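Chemist: The following block contains the structure, expressed as C-alpha cells.
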Amino acid sequence: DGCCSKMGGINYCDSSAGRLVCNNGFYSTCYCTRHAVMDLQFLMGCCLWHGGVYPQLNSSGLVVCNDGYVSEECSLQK
Amino acid sequence: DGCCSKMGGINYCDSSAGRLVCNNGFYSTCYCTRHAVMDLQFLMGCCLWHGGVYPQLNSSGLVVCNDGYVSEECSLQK
Amino acid sequence: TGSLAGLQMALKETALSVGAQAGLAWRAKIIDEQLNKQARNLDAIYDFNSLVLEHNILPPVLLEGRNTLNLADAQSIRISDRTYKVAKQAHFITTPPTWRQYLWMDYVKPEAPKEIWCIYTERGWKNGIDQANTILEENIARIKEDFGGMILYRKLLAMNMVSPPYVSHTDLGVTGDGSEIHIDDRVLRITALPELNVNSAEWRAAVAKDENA
Amino acid sequence: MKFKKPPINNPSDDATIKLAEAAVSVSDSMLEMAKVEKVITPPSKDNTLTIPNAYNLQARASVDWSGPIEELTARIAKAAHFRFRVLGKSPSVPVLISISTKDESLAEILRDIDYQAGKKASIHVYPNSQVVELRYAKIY
Amino acid sequence: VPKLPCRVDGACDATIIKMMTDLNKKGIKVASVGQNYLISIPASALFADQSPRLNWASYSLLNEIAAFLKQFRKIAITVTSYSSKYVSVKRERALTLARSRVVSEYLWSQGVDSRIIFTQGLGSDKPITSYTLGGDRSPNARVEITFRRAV
Amino acid sequence: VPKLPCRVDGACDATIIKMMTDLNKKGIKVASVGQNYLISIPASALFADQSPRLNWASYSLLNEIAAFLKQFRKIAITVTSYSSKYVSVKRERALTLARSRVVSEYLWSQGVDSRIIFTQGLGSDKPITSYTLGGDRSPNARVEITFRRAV
Amino acid sequence: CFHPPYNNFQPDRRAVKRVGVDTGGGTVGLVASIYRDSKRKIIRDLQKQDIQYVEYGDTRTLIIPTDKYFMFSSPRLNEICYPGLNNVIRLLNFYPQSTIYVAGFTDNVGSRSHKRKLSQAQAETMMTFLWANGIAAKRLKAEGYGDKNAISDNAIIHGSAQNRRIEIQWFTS
C-alpha cells in the first residue's frame with residue numbers, strides 16, 4: 001500500500017513517466033499508469049509467437065493458432 | 001528403493017547417460033530414464049520377428065501376423 | 001496360471017486425466033524459468049543477425065546426407081556418396097529471427113479440477129512431465145535445423161558449389177502527380193535465386209595446415 | 001576412509017542438459033567452417049589503420065547492449081570526450097548490434113563494433129581533430 | 001492488476017531513505033542534485049597505503065553500496081579514482097586506473113543492472129581541497145561513483 | 001516399470017563400497033581416478049617364489065576379485081605383470097608373461113562379462129620404488145588389473 | 001590471529017591459539033595440537049574439501065577441480081576457497097627435498113590453441129602460488145596439456161566435469 005513511506009506521502013501521478021511523485025521531490029518506485037516501463041519477461045496464455053487462438057469452437061479438444069500451427073500443449077489429452 | 005546407499009544419497013538424474021549420480025562423485029547403478037543401456041534379452045508378446053499382430057478381430061481363435069504367418073502357438077486350441 | 005500346481009473403474013481414468021494436465025503445466029513453467037535465466041547465452045549462441053546476406057536476405061537452408069543406399073526392391077539397388085538438398089529458399093526479411101519463436105513453451109494455469117487416488121494422480125503427474133520433456137526436445141531439433149542449414153550454406157558458398165543471389169535495383173526519380181509525391185523511389189528485386197551447380201569442373205578445395213616447432 | 005571424487009556441483013536440469021548438447025554441435029560446426037573460410041580467402045588488412053588509439057581512449061568500460069548502433073557509439077564518444085559525427089542516411093531496416101564484454105579499452109570496443117557492423121556501417125577516428133565518425137553504406 | 005507488476009521489483013522508498021541515512025552517518029558521502037547521484041568514498045576505507053589491494057573487511061562496505069545501487073534503474077555508471085601526489089604523474093595515474101578497475105569489477109560481479117560501466121583514473125589532477133598535508137589520509141584521495149536515474 | 005529392469009542386475013552400491021573397503025584393509029590396493037580403476041596385487045600373496053604356480057589358498061582371493069569385477073560394465077580389461085631382477089631379462093619376461101596368462105585365464109573362467117582381456121608381462125622394467133632389497137617380498141613385484149567403466 | 005587472504009604469506013602461529021584456549025589444560029592443548037598437525041587429519045581435511053589425494057609407491061599426486069578453485073574461464077584464483085590452499089601448503093611442507101610437477105588439463109570443447117593456452121595459464125598460476133609460499137625455483141615445473149590424456153569420457157556430462165583438473169605429482173628422492 002505504502003508507496004511514499006518515509007516521505008511526505010503521495011503528491012500526484014505523473015502520467016508522462018507513469019510514476020508517482022512524493023511530497024519531497026523524489027520519484028516514487030510505484031507505477032501509476034499501465035504505459036510505464038515495467039520489465040515484463042514472463043507472459044501467460046497460449047499460441048504466443050503465432051497469431052493467438054483462432055476463435056472457432058471445436059468438437060474435439062485441439063487448439064489451433066491463427067497461422068495453422070496446432071498447440072498440442074494446450075490441447076486436452078486422451 | 002535405496003540406490004545410493006553407503007553414499008550421500010541421490011544428487012540428480014543425468015539424462016545424457018540415463019543414470020543417477022550420488023552425492024559423492026560416483027555413478028549409481030540405478031537407471032533413471034528409459035533410454036538407458038539396459039541389457040534386454042527376453043521379450044514377451046507374440047508375432048515377434050514378424051510384423052506384430054494384425055489387429056482385426058476374428059470369429060475363430062487364429063492369430064495372424066502382419067506378414068501372413070499364422071501363430072498356431074498363441075492361437076487357442078480345439 | 002504359472003505352474004501346474006499353481007493352477008491346481010472410472011476413477012482410474014479420472015485420476016490420469018487430472019494428473020497429466022497438472023504435470024504438463026508445472027513442467028512447462030519450470031522450463032520457461034530455465035529459459036529466461038539463460039537469455040544472454042542463447043542470444044550469443046543463436047546469432048542470426050550475423051549470418052544475414054547483402055540486401056538483408058536470409059540465406060537458404062541446405063541439407064546434407066552421406067553414404068547413401070536404397071534397396072528399391074529385390075533385383076535393384078541404388079547407391080550414392082553424398083546428397084545435397086535445398087530445404088528452404090532465400091527471401092527478404094525486415095527483422096532477423098530469434099530463438100524465442102522456437103524454444104518458448106506455452107503456459108496457461110489450469111484451475112479446472114482416496115485409497116488408490118493418490119498413486120494414479122502421481123502416475124499422471126509423471127506422464128505429463130515426460131511429455132513436456134519430449135516436446136522441448138523436438139523444439140531443440142527444429143532450431144538446430146534452421147541454424148545448421150544456414151551455416152552449411154555459408155560453407156558451400158565458400159567452397160563454390162552454390163551461386164549467390166543476384167539482386168537488381170531500379171532508381172525512379174521524383175514520381176507522382178500533383179496530389180502526392182515520393183521523393184526518391186527505388187525498387188529492389190532479387191532476380192536470381194541461389195542454386196546448386198552441376199558443373200563439377202570449377203569446384204574449389206580447402207586444405208588446412210597445422211605448423212608447430 | 002570414505003571415497004569421494006572431486007567435482008561435486010549443484011544439481012542439474014535435463015533441459016539444460018539438452019540445451020548444452022545442442023550448443024556443442026553448433027560450436028564445432030562453426031569452428032570447422034570458420035577454418036575453411038580463413039583458408040579460402042586470407043585477409044590482408046586490419047582496422048588499426050582506420051581506428052588508431054590515443055590518450056583518453058584508454059579509459060575502460062564493461063558493456064551489455066542489445067540495440068541499434070548509433071546511440072551506443074554516441075555514449076562511447078561522449079565518455080571519451082570526442083565529438084560525434086554521422087555520415088549518410090540511416091537505412092529503414094535498422095542496424096542492430098550485440099556486445100557483451102568485460103574490461104576492455106574503448107578503442108577495442110569501437111573495433112569490435114566495427115567488425116560487427118560488417119557491410120552496413122563503418123567507424124573512423126580522427127585523433128588530431130578528436131572526432132569519432134560513423135558512416136552508413138550506399139546500399140538500397 | 002493482480003498480474004501486472006505494481007512496482008519495480010525489490011525496491012522500496014523506506015529502504016532507500018534508510019540506507020542513504022546509514023551511509024551518511026558512516027562517512028560515505030551520498031548526494032543528489034536533480035536526478036544525478038554521487039557516492040564519494042575515502043580511499044583509506046578501501047585500500048592499503050597506495051596499493052591496489054583491498055582489505056578483507058571493506059568488502060562489506062562494497063556489498064552495502066551494491067545493495068544501494070540495486071534500488072534504481074539506470075543506463076550508465078561512471079567510476080573515477082583520484083589520489084594524492086607521491087612520486088611522478090605516471091605512478092598515480094596507473095594506481096588510480098588499477099583501483100577503479102578492481103572496484104568496478106566487484107560491482108559488476110554483484111548484480112547491478114547497468115548497461116555500461118565506465119572506469120577512469122585521473123591521478124592527482126583535480127583536488128577538492130587545498131589542505132594537502134595527509135598521505136592517503138587526505139580527504140582528496142577518493143573514489144567517486146556517479147550516475148543518472150533513468151525515468 | 002514392473003517389466004522393465006530397474007537397475008543393472010546383481011549390482012548394488014553398498015556391495016561395491018563394502019568390498020572395496022574390505023580389499024583395502026586386506027592389502028590389495030584399489031584406486032579410482034575419474035572412471036579408470038586399478039587393482040594392484042603383491043606377487044607374494046599369489047605365487048610361489050618366482051614360479052608360475054599358484055598356491056591353493058590364493059584362489060579365494062581371486063574369487064573375491066572376480067566377485068568385485070562382476071559389479072561393473074566394461075569393454076576391455078588389461079592385466080600386466082611385473083617382477084624383480086634375478087638372472088637375465090628373458091627369464092623374468094617369460095615369468096611375467098606366464099603369470100599374467102594364468103591369472104587372466106582363471107578370471108575368464110569365472111564370469112567376468114568383458115569383451116576383451118589383454119595380457120602382457122613387462123619383466124622388471126618399470127619399478128614403482130627405489131628400494132630393491134627384497135626378492136619376491138619386494139613391493140615392486142606385482143600384478144595390476146586396470147580397466148575403464150563404460151557408461 | 002589469521003589474515004584470511006593468505007596471512008600475508010606468513011606461517012600462521014596456529015598451535016598457540018589452541019594452547020591458549022585450553023590454558024585459559026596444557027596437556028589437553030598439546031594433545032589437540034599434536035592431533036591436528038598430524039598428516040592424517042590434514043589428509044582428511046583435503047578429503048572434507050573437494051581435493052583428492054593418491055599415494056602409490058613413492059610417488060604422490062593431488063587432484064584439484066578447477067570448478068571450485070578458479071573463477072570461470074580465467075587464470076584468476078578463487079579467493080573464497082583459501083582453506084584448501086592453506087592445507088595444500090601445510091601438506092607440501094612435509095617433503096622439503098622433492099621436485100614438483102604441476103600439469104593442467106581441460107575438456108574437449110573449443111579450439112586447440114585456446115585449450116592449450118588456457119591450460120598453460122592455469123598451471124603457471126598454481127605454480128606461482130606455490131613458489132610465493134617459500135618453495136625454491138629449482139624445485140618446480142609447470143606444463144599445460146590440452147585434452148591430451150583424459151581420465152573420463154567426454155561425451156557425458158559428469159565425466160566431462162571430472163576431466164577438467166590440475167594434477168600435482170612429486171617424488172621422494
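So you can find residues: chains in the C-alpha cells are A, B, ... in the order shown, residues in each start at 1, and ligands are numbered from 1 in order.
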Taking only C-alpha atoms into account and nothing else, which residues of chain C lie no more than 10 Å away from chain D? Please answer as a PyMOL selection string.
Modeler: chain C and resi 30-31+34-35+38+40-47+49-50+53-56+93-96+133+136-137+140-141+143-144+147-148+151-152+154-159+169-171+186-188+204-209
Chemist: Extract, using only C-alpha atoms, all DNA, RNA and protein residues at most 7 Å from segment 73-76 of chain F, discarding same-chain residues fewer than 4 positions from it, and format them as a PyMOL selection string.
Modeler: chain F and resi 114-117+147-150
Chemist: What would chain A look like once superposed on chain B, with the fit done by least squares over all C-alpha atoms paired in order? Give it as a PDB file with C-alpha atoms, in the first residue's frame.
Modeler:
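Heads up, here's the output in result.pdb:
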ATOM      1  CA  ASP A   1      14.455 -48.358  -3.095  1.00  0.00           C
ATOM      2  CA  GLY A   2      17.869 -47.469  -1.838  1.00  0.00           C
ATOM      3  CA  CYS A   3      20.000 -46.581  -4.819  1.00  0.00           C
ATOM      4  CA  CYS A   4      22.925 -44.573  -3.428  1.00  0.00           C
ATOM      5  CA  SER A   5      23.187 -46.452  -0.123  1.00  0.00           C
ATOM      6  CA  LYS A   6      26.511 -46.047   1.721  1.00  0.00           C
ATOM      7  CA  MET A   7      26.875 -42.887  -0.365  1.00  0.00           C
ATOM      8  CA  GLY A   8      25.363 -39.488   0.281  1.00  0.00           C
ATOM      9  CA  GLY A   9      22.030 -40.056  -1.372  1.00  0.00           C
ATOM     10  CA  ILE A  10      20.657 -39.073  -4.750  1.00  0.00           C
ATOM     11  CA  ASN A  11      22.076 -35.945  -6.337  1.00  0.00           C
ATOM     12  CA  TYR A  12      20.296 -35.873  -9.724  1.00  0.00           C
ATOM     13  CA  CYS A  13      19.320 -37.825 -12.831  1.00  0.00           C
ATOM     14  CA  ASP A  14      21.851 -37.473 -15.639  1.00  0.00           C
ATOM     15  CA  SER A  15      19.667 -37.928 -18.701  1.00  0.00           C
ATOM     16  CA  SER A  16      22.654 -37.900 -21.051  1.00  0.00           C
ATOM     17  CA  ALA A  17      23.669 -41.275 -19.641  1.00  0.00           C
ATOM     18  CA  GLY A  18      20.370 -42.290 -18.107  1.00  0.00           C
ATOM     19  CA  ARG A  19      21.836 -42.791 -14.660  1.00  0.00           C
ATOM     20  CA  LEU A  20      21.604 -41.342 -11.197  1.00  0.00           C
ATOM     21  CA  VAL A  21      24.542 -39.535  -9.625  1.00  0.00           C
ATOM     22  CA  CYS A  22      25.249 -39.989  -5.941  1.00  0.00           C
ATOM     23  CA  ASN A  23      26.423 -37.281  -3.571  1.00  0.00           C
ATOM     24  CA  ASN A  24      29.948 -38.465  -3.857  1.00  0.00           C
ATOM     25  CA  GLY A  25      31.190 -38.395  -7.405  1.00  0.00           C
ATOM     26  CA  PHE A  26      30.200 -41.945  -8.330  1.00  0.00           C
ATOM     27  CA  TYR A  27      27.720 -43.037 -10.938  1.00  0.00           C
ATOM     28  CA  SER A  28      24.913 -45.088  -9.476  1.00  0.00           C
ATOM     29  CA  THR A  29      23.760 -48.491 -10.580  1.00  0.00           C
ATOM     30  CA  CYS A  30      20.124 -47.362 -10.849  1.00  0.00           C
ATOM     31  CA  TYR A  31      18.587 -46.231 -14.135  1.00  0.00           C
ATOM     32  CA  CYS A  32      16.519 -43.060 -14.313  1.00  0.00           C
ATOM     33  CA  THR A  33      15.265 -42.839 -17.931  1.00  0.00           C
ATOM     34  CA  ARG A  34      14.054 -45.467 -20.366  1.00  0.00           C
ATOM     35  CA  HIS A  35      16.708 -44.573 -22.960  1.00  0.00           C
ATOM     36  CA  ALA A  36      19.483 -46.075 -20.845  1.00  0.00           C
ATOM     37  CA  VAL A  37      21.542 -49.054 -21.833  1.00  0.00           C
ATOM     38  CA  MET A  38      19.570 -51.901 -20.296  1.00  0.00           C
ATOM     39  CA  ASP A  39      20.619 -55.376 -21.436  1.00  0.00           C
ATOM     40  CA  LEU A  40      17.299 -56.725 -22.683  1.00  0.00           C
ATOM     41  CA  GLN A  41      17.346 -60.330 -23.902  1.00  0.00           C
ATOM     42  CA  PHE A  42      13.864 -61.648 -23.024  1.00  0.00           C
ATOM     43  CA  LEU A  43      10.738 -60.095 -24.533  1.00  0.00           C
ATOM     44  CA  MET A  44       7.101 -61.083 -24.206  1.00  0.00           C
ATOM     45  CA  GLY A  45       4.257 -60.765 -26.695  1.00  0.00           C
ATOM     46  CA  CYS A  46       3.700 -62.752 -29.844  1.00  0.00           C
ATOM     47  CA  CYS A  47       4.279 -62.283 -33.569  1.00  0.00           C
ATOM     48  CA  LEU A  48       7.796 -61.096 -32.838  1.00  0.00           C
ATOM     49  CA  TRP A  49      10.160 -61.359 -35.819  1.00  0.00           C
ATOM     50  CA  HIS A  50       7.119 -60.685 -37.982  1.00  0.00           C
ATOM     51  CA  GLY A  51       5.117 -57.533 -38.178  1.00  0.00           C
ATOM     52  CA  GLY A  52       3.218 -57.891 -34.941  1.00  0.00           C
ATOM     53  CA  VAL A  53      -0.407 -58.810 -34.509  1.00  0.00           C
ATOM     54  CA  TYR A  54      -2.663 -57.858 -37.393  1.00  0.00           C
ATOM     55  CA  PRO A  55      -5.406 -56.108 -35.440  1.00  0.00           C
ATOM     56  CA  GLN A  56      -8.619 -57.487 -36.970  1.00  0.00           C
ATOM     57  CA  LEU A  57     -10.975 -59.261 -34.575  1.00  0.00           C
ATOM     58  CA  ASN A  58     -11.573 -62.863 -35.566  1.00  0.00           C
ATOM     59  CA  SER A  59     -14.594 -65.118 -35.195  1.00  0.00           C
ATOM     60  CA  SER A  60     -12.267 -68.056 -34.642  1.00  0.00           C
ATOM     61  CA  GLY A  61      -9.201 -68.063 -32.427  1.00  0.00           C
ATOM     62  CA  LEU A  62      -6.472 -67.790 -35.044  1.00  0.00           C
ATOM     63  CA  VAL A  63      -3.864 -65.092 -34.547  1.00  0.00           C
ATOM     64  CA  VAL A  64      -2.271 -63.858 -37.752  1.00  0.00           C
ATOM     65  CA  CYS A  65       0.820 -61.713 -38.033  1.00  0.00           C
ATOM     66  CA  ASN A  66       1.285 -58.760 -40.349  1.00  0.00           C
ATOM     67  CA  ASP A  67       3.282 -60.778 -42.909  1.00  0.00           C
ATOM     68  CA  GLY A  68       0.761 -63.579 -43.348  1.00  0.00           C
ATOM     69  CA  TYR A  69       2.293 -66.051 -40.960  1.00  0.00           C
ATOM     70  CA  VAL A  70      -0.180 -67.605 -38.554  1.00  0.00           C
ATOM     71  CA  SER A  71       0.732 -68.074 -34.965  1.00  0.00           C
ATOM     72  CA  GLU A  72      -0.547 -71.510 -34.016  1.00  0.00           C
ATOM     73  CA  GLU A  73       1.168 -71.058 -30.691  1.00  0.00           C
ATOM     74  CA  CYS A  74      -0.805 -68.031 -29.498  1.00  0.00           C
ATOM     75  CA  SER A  75      -3.946 -69.472 -31.091  1.00  0.00           C
ATOM     76  CA  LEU A  76      -6.486 -71.070 -28.807  1.00  0.00           C
ATOM     77  CA  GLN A  77      -6.988 -74.788 -29.151  1.00  0.00           C
ATOM     78  CA  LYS A  78      -9.811 -77.063 -30.023  1.00  0.00           C
TER      79      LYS A  78
END
Chemist: What lies within 12 Å of residue 27 of chain F using only C-alpha atoms, ignoring chain neighbours under 5 positions off, as a list in words?
Modeler: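 Non-adjacent residues within range: residues 20, 21, 22, 39, 40, 41, 42, 43, 44, 45, 61 and 139 of chain F.
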Chemist: I need the chosen residues saved as a compact mmCIF listing (two decimals), in the first residue's frame, with C-alpha atoms.
Modeler:
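Once everything was written out, this is result03.txt:
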# COMPACT_ATOMS: atom_id res chain seq x y z
CA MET F 20 36.33 -52.03 -1.84
CA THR F 21 36.78 -51.29 1.88
CA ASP F 22 37.45 -54.95 2.70
CA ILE F 39 43.69 -53.15 -8.68
CA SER F 40 47.26 -53.87 -7.59
CA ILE F 41 48.21 -57.20 -6.01
CA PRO F 42 51.57 -58.15 -4.46
CA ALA F 43 53.05 -61.25 -6.05
CA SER F 44 53.73 -62.90 -2.69
CA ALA F 45 50.02 -63.26 -1.98
CA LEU F 61 41.40 -64.03 -3.22
CA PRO F 139 56.75 -54.20 -3.07
Chemist: List every residue of chain D that DSSP, applied to the backbone of this structure, assigns to helix (DSSP H, G or I), and report them as a PyMOL selection string.
Modeler: chain D and resi 14-40+69-79+106-117
Chemist: Got a sec to pull out which chain F residues are within 8 Å of chain G, counting only C-alpha atoms, and send them as a ChimeraX atom specification?
Modeler: /F:33-36,128-129
Chemist: What parts of segment 35-88 of chain C does DSSP call strand (DSSP E or B)? I'd like the answer as number ranges by chain.
Modeler: C: 57-58, 61-73, 76-88
Chemist: Filtering to N, CA, C and O atoms, could you give me those residues as a JSON list (two decimals), in the first residue's frame?
Modeler:
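Saved the output as selection.json:
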[["chain", "number", "residue", "atom", "x", "y", "z"],
["C", 57, "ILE", "N", 18.91, -10.33, -46.81],
["C", 57, "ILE", "CA", 18.32, -11.54, -47.37],
["C", 57, "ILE", "C", 18.73, -12.68, -46.47],
["C", 57, "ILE", "O", 19.92, -12.87, -46.20],
["C", 58, "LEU", "N", 17.75, -13.44, -46.01],
["C", 58, "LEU", "CA", 18.05, -14.62, -45.23],
["C", 58, "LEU", "C", 18.61, -15.70, -46.14],
["C", 58, "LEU", "O", 18.09, -15.91, -47.23],
["C", 61, "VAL", "N", 18.37, -22.65, -46.74],
["C", 61, "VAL", "CA", 18.66, -23.74, -45.83],
["C", 61, "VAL", "C", 19.00, -24.99, -46.63],
["C", 61, "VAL", "O", 18.22, -25.43, -47.47],
["C", 62, "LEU", "N", 20.19, -25.54, -46.38],
["C", 62, "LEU", "CA", 20.67, -26.69, -47.13],
["C", 62, "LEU", "C", 20.86, -27.87, -46.20],
["C", 62, "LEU", "O", 21.20, -27.71, -45.02],
["C", 63, "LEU", "N", 20.63, -29.06, -46.74],
["C", 63, "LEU", "CA", 20.73, -30.30, -46.00],
["C", 63, "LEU", "C", 21.67, -31.25, -46.72],
["C", 63, "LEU", "O", 21.74, -31.26, -47.96],
["C", 64, "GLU", "N", 22.36, -32.06, -45.93],
["C", 64, "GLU", "CA", 23.42, -32.95, -46.38],
["C", 64, "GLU", "C", 23.16, -34.36, -45.90],
["C", 64, "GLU", "O", 22.75, -34.57, -44.76],
["C", 65, "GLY", "N", 23.39, -35.33, -46.77],
["C", 65, "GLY", "CA", 23.40, -36.73, -46.36],
["C", 65, "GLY", "C", 24.60, -37.42, -46.97],
["C", 65, "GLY", "O", 25.02, -37.10, -48.07],
["C", 66, "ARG", "N", 25.13, -38.39, -46.23],
["C", 66, "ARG", "CA", 26.33, -39.11, -46.65],
["C", 66, "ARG", "C", 26.12, -40.61, -46.68],
["C", 66, "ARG", "O", 25.37, -41.16, -45.87],
["C", 67, "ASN", "N", 26.81, -41.25, -47.63],
["C", 67, "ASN", "CA", 26.98, -42.70, -47.72],
["C", 67, "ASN", "C", 25.65, -43.43, -47.85],
["C", 67, "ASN", "O", 25.28, -44.26, -47.02],
["C", 68, "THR", "N", 24.96, -43.12, -48.92],
["C", 68, "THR", "CA", 23.55, -43.43, -49.10],
["C", 68, "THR", "C", 23.31, -44.71, -49.88],
["C", 68, "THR", "O", 23.93, -44.94, -50.92],
["C", 69, "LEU", "N", 22.37, -45.52, -49.39],
["C", 69, "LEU", "CA", 21.94, -46.74, -50.07],
["C", 69, "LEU", "C", 20.43, -46.84, -50.03],
["C", 69, "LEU", "O", 19.80, -46.57, -49.01],
["C", 70, "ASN", "N", 19.87, -47.26, -51.16],
["C", 70, "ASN", "CA", 18.47, -47.63, -51.21],
["C", 70, "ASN", "C", 18.32, -48.96, -51.92],
["C", 70, "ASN", "O", 18.79, -49.14, -53.04],
["C", 71, "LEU", "N", 17.62, -49.86, -51.26],
["C", 71, "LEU", "CA", 17.25, -51.15, -51.83],
["C", 71, "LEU", "C", 15.86, -50.95, -52.38],
["C", 71, "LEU", "O", 14.91, -50.84, -51.60],
["C", 72, "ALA", "N", 15.74, -50.79, -53.70],
["C", 72, "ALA", "CA", 14.46, -50.31, -54.21],
["C", 72, "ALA", "C", 13.42, -51.40, -54.10],
["C", 72, "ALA", "O", 12.30, -51.17, -53.64],
["C", 73, "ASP", "N", 13.79, -52.60, -54.50],
["C", 73, "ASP", "CA", 13.07, -53.82, -54.24],
["C", 73, "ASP", "C", 14.11, -54.93, -54.34],
["C", 73, "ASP", "O", 15.32, -54.65, -54.37],
["C", 76, "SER", "N", 17.15, -54.78, -57.53],
["C", 76, "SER", "CA", 17.68, -53.46, -57.87],
["C", 76, "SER", "C", 18.15, -52.64, -56.67],
["C", 76, "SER", "O", 17.36, -52.40, -55.74],
["C", 77, "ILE", "N", 19.39, -52.12, -56.71],
["C", 77, "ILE", "CA", 19.81, -51.22, -55.64],
["C", 77, "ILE", "C", 20.43, -49.97, -56.26],
["C", 77, "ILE", "O", 20.97, -49.99, -57.36],
["C", 78, "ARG", "N", 20.38, -48.87, -55.50],
["C", 78, "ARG", "CA", 20.96, -47.60, -55.92],
["C", 78, "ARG", "C", 21.80, -46.98, -54.82],
["C", 78, "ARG", "O", 21.30, -46.83, -53.69],
["C", 79, "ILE", "N", 23.05, -46.63, -55.10],
["C", 79, "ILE", "CA", 23.88, -46.08, -54.04],
["C", 79, "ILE", "C", 24.45, -44.75, -54.50],
["C", 79, "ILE", "O", 24.57, -44.46, -55.70],
["C", 80, "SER", "N", 24.79, -43.92, -53.52],
["C", 80, "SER", "CA", 25.38, -42.62, -53.78],
["C", 80, "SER", "C", 26.29, -42.24, -52.62],
["C", 80, "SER", "O", 26.18, -42.78, -51.52],
["C", 81, "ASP", "N", 27.21, -41.32, -52.90],
["C", 81, "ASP", "CA", 28.18, -40.95, -51.87],
["C", 81, "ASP", "C", 27.73, -39.78, -51.00],
["C", 81, "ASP", "O", 27.77, -39.87, -49.78],
["C", 82, "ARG", "N", 27.31, -38.68, -51.61],
["C", 82, "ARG", "CA", 26.71, -37.58, -50.87],
["C", 82, "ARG", "C", 25.52, -37.05, -51.63],
["C", 82, "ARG", "O", 25.43, -37.17, -52.85],
["C", 83, "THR", "N", 24.60, -36.45, -50.88],
["C", 83, "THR", "CA", 23.48, -35.76, -51.49],
["C", 83, "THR", "C", 23.22, -34.44, -50.77],
["C", 83, "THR", "O", 23.36, -34.34, -49.55],
["C", 84, "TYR", "N", 22.88, -33.43, -51.56],
["C", 84, "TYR", "CA", 22.60, -32.10, -51.04],
["C", 84, "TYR", "C", 21.23, -31.64, -51.53],
["C", 84, "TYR", "O", 20.89, -31.84, -52.70],
["C", 85, "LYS", "N", 20.47, -31.02, -50.63],
["C", 85, "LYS", "CA", 19.11, -30.58, -50.95],
["C", 85, "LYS", "C", 18.85, -29.19, -50.38],
["C", 85, "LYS", "O", 19.27, -28.87, -49.27],
["C", 86, "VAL", "N", 18.13, -28.37, -51.15],
["C", 86, "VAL", "CA", 17.65, -27.07, -50.70],
["C", 86, "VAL", "C", 16.30, -27.24, -50.02],
["C", 86, "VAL", "O", 15.28, -27.38, -50.69],
["C", 87, "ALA", "N", 16.29, -27.21, -48.69],
["C", 87, "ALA", "CA", 15.04, -27.33, -47.94],
["C", 87, "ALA", "C", 14.20, -26.06, -47.98],
["C", 87, "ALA", "O", 12.98, -26.13, -48.13],
["C", 88, "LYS", "N", 14.83, -24.90, -47.84],
["C", 88, "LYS", "CA", 14.11, -23.63, -47.87],
["C", 88, "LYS", "C", 14.87, -22.61, -48.70],
["C", 88, "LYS", "O", 16.11, -22.58, -48.67]]
Chemist: Distance atom CA of residue 7 of chain F-atom CA of residue 112 of chain F, one decimal place?
Modeler: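 Those two atoms sit 18.0 Å apart.
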Chemist: Within 10 Å of residue 121 of chain E, counting only C-alpha atoms, which residues qualify if same-chain residues fewer than 5 places away don't, as a PyMOL selection string?
Modeler: (chain D and resi 59-60) or (chain E and resi 79-83+92-101+143)
Chemist: Include C-alpha atoms and write out the residues we just selected as a short mmCIF file (atom, residue, chain, number, x, y, z; two decimals), in the first residue's frame.
Modeler:
data_model
loop_
_atom_site.label_atom_id
_atom_site.label_comp_id
_atom_site.auth_asym_id
_atom_site.auth_seq_id
_atom_site.Cartn_x
_atom_site.Cartn_y
_atom_site.Cartn_z
CA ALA D 59 39.68 4.64 -20.26
CA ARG D 60 37.94 1.33 -19.82
CA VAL E 79 33.65 5.21 -11.58
CA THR E 80 36.59 7.59 -11.32
CA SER E 81 39.52 7.38 -8.92
CA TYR E 82 41.69 10.25 -7.60
CA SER E 83 44.77 10.11 -5.34
CA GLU E 92 49.40 7.57 -9.55
CA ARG E 93 47.73 7.53 -12.95
CA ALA E 94 48.50 3.80 -13.00
CA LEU E 95 47.41 3.49 -9.35
CA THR E 96 44.04 5.17 -9.86
CA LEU E 97 43.34 3.17 -13.00
CA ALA E 98 44.07 -0.08 -11.14
CA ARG E 99 41.87 0.94 -8.20
CA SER E 100 38.94 1.83 -10.43
CA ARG E 101 39.33 -1.41 -12.40
CA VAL E 143 36.72 7.21 -5.49
#
Chemist: Tell me which protein, DNA and RNA residues are within 9 Å of residue 140 of chain G, counting only C-alpha atoms, leaving out same-chain ones fewer than 2 positions away, and put them as a ChimeraX atom specification.
Modeler: /G:99-102,127,130-131,135-138,142
Chemist: Mind writing the picked residues with C-alpha atoms as a PDB file, in the first residue's frame?
Modeler:
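This went into again_24.pdb:
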ATOM      1  CA  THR G  99      60.826 -31.877  -7.059  1.00  0.00           C
ATOM      2  CA  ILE G 100      57.311 -30.855  -8.092  1.00  0.00           C
ATOM      3  CA  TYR G 101      55.435 -31.160 -11.373  1.00  0.00           C
ATOM      4  CA  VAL G 102      52.143 -29.354 -11.927  1.00  0.00           C
ATOM      5  CA  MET G 127      52.991 -22.819  -9.767  1.00  0.00           C
ATOM      6  CA  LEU G 130      53.420 -22.487  -4.770  1.00  0.00           C
ATOM      7  CA  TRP G 131      56.625 -20.511  -5.377  1.00  0.00           C
ATOM      8  CA  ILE G 135      59.408 -23.163  -2.309  1.00  0.00           C
ATOM      9  CA  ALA G 136      62.598 -22.514  -4.303  1.00  0.00           C
ATOM     10  CA  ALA G 137      62.515 -22.023  -8.058  1.00  0.00           C
ATOM     11  CA  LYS G 138      64.759 -25.015  -8.837  1.00  0.00           C
ATOM     12  CA  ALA G 142      54.578 -26.473 -14.865  1.00  0.00           C
TER      13      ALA G 142
END
Chemist: Residues of chain F near chain B: apply a cut-off of 9 Å, count only C-alpha atoms, and supply the list as number ranges by chain.
Modeler: F: 4-9, 11-15, 17-18, 34-35, 72, 151
Chemist: What is the atom CA of residue 121 of chain D to atom CA of residue 192 of chain C distance in Å?
Modeler: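 About the pair atom CA of residue 121 of chain D and atom CA of residue 192 of chain C: they are 26.0 Å apart.
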Chemist: For chain G, work out the contacting residues on chain C at 12 Å, counting only C-alpha atoms, and write them as a ChimeraX atom specification.
Modeler: /C:210-212
